[PDB]
Amino acid sequence: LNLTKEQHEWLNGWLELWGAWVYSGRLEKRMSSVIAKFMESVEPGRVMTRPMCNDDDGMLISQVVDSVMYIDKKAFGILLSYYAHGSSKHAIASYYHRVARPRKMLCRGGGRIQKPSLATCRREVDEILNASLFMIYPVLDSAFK
DNA sequence: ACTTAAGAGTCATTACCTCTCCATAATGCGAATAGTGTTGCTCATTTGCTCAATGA
């Protein structure tokens, strides 16, 4: 399943506020290590094109996201690539198509070990994004309420 | 009315092998158009799987 429409836009807006918060570099580096090794591949003098949230609410959003997404680094990397840096979904899917190993395909390759197409790459990064938001949402209500 | 000069045109064997060589220069500034990226969406293709008769 997935979320409803109002919950999707609410979580999307809160995550881009949180992404504009971490994009300045105001996250303390001892708190987590995956954002620490994500934010080292970007210049320190970044520009601010998005509205930025305040300190402790962004601290609350950062602590809940690395408490629920501390088991995997790939889906968390997609999340920081879409929301923190601000890259679009199509660029993420194009780079994942240009990198990923040959996989077994069903109902179109007949089991042939081949590279994934761009359409299934867009579909799997959309599924990864929707699954990460479904892991974010009820634990975020548990942190808020 | 016919007879020598001037000028143009068109060829001058076949087959093969090796090597080298085949370019340089006005600037700039908006307007406008073609190109590429983005997101949402539909459509054709294939495959494991399921359902219905039927005789042994």
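Positions along each chain are numbered from 1 by the written sequence. They may not match the entry numbering, and residues without coordinates are not shown. Chains carry letters and ligands carry numbers; both start at the beginning, A for chains and 1 for ligands, and go up in the order they are written. Shown here is not the whole assembly but part of a larger one, and the values apply to the part shown. Only heavy atoms go into the side-chain values, all of them from the structure, while hydrogens and water stay out.

For this coordinate set, the PDB header names cryo-EM as the determination method and states a resolution of 3.5 Å.

> Give a detailed account of the packing of helix 4 (residues 74-84) against helix 6 (residues 118-144), specifying residues and quantitative values.
Packed helix pairs are characterised by how far apart their axes lie and by the angle those axes make with each other. Note on geometry: axes are lines fitted to C-alpha atoms, helical ones only across the stretch in contact, with angles between N-to-C directions running from 0 to 180 degrees. Where helices and strands are cited, they refer to DSSP runs of H or I of at least four residues and of E of at least two residues respectively, numbered from the N terminus. Running from N to C, helix 4 and helix 6 point in directions that differ by 95°, and their axes come no closer than 10 Å. With respect to their mutual orientation, helix 4 and helix 6 come out roughly perpendicular. Across the interface between the two elements, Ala75, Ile78, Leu79 and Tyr82 of helix 4 pack against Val125, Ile128, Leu129 and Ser132 of helix 6. Here the residues of the contact of helix 4 with helix 6 sort into seven nonpolar, one polar and no charged. If an angle is under 35 degrees, it is roughly parallel; if it is over 145, roughly antiparallel; if it lies from 65 to 115, roughly perpendicular; otherwise it is oblique. Contact criterion: two residues are considered in contact whenever any of their non-hydrogen atoms come within 4.5 Å of each other. In this count, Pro and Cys sit with the nonpolar residues alongside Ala, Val, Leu, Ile, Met, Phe, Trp and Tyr, while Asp, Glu, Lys and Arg are called charged and the others, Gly among them, polar.

> Break down the packing of helix 5 (residues 89-97) against helix 6 for me, citing the residues and quoting the values.
At their nearest, the axes of helix 5 and helix 6 sit 9 Å apart, and the two run at 120° to each other. What the angle tells us is that helix 5 and helix 6 run oblique. You can see that helix 5 and helix 6 cross each other, and the crossing is right-handed. Facing helix 5, whose interface residues are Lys89, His90, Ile92, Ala93, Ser94, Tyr96 and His97, helix 6 presents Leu118, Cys121, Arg122, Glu124, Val125, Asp126 and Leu129. Among the residues making up the contact of helix 5 with helix 6, the classes are represented as seven nonpolar, three polar and four charged. If you view the pair so one helix is near and one far, a crossing is left-handed when the near helix is turned anticlockwise from the far one by less than a right angle, and right-handed when it is turned clockwise.

> Describe the protein's contact with DNA strand B, and please don't skip the residues or the numbers.
By nearness alone, every residue bordering DNA strand B is listed as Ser88, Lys89, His90, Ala91, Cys107, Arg108, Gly110, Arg122 and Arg123. Of everything in DNA strand B that lies within 4 Å of the protein, sugar and phosphate atoms constitute 59%. At 2.5 Å from a phosphate oxygen of DNA strand B is found a side-chain nitrogen or oxygen belonging to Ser88. Any N or O atom pair separated by 3.5 Å or less is treated as a polar contact, with the protein-specific requirement of one donor-capable and one acceptor-capable atom, and with residues adjacent in sequence counted only for side-chain atom pairs. At a separation of 3.1 Å, a phosphate oxygen of DNA strand B approaches a polar backbone atom of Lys89. Elements with a minimum of two residues in the surface near DNA strand B: helix 5 and helix 6. Counting residues per element, the surface near DNA strand B draws most heavily on helix 5, which supplies three residues. Per-class residue counts for the surface near DNA strand B are two nonpolar, three polar and four charged. We define proximity as follows: a residue is near a molecule or strand when any one of its heavy atoms falls within 4 Å of that partner.

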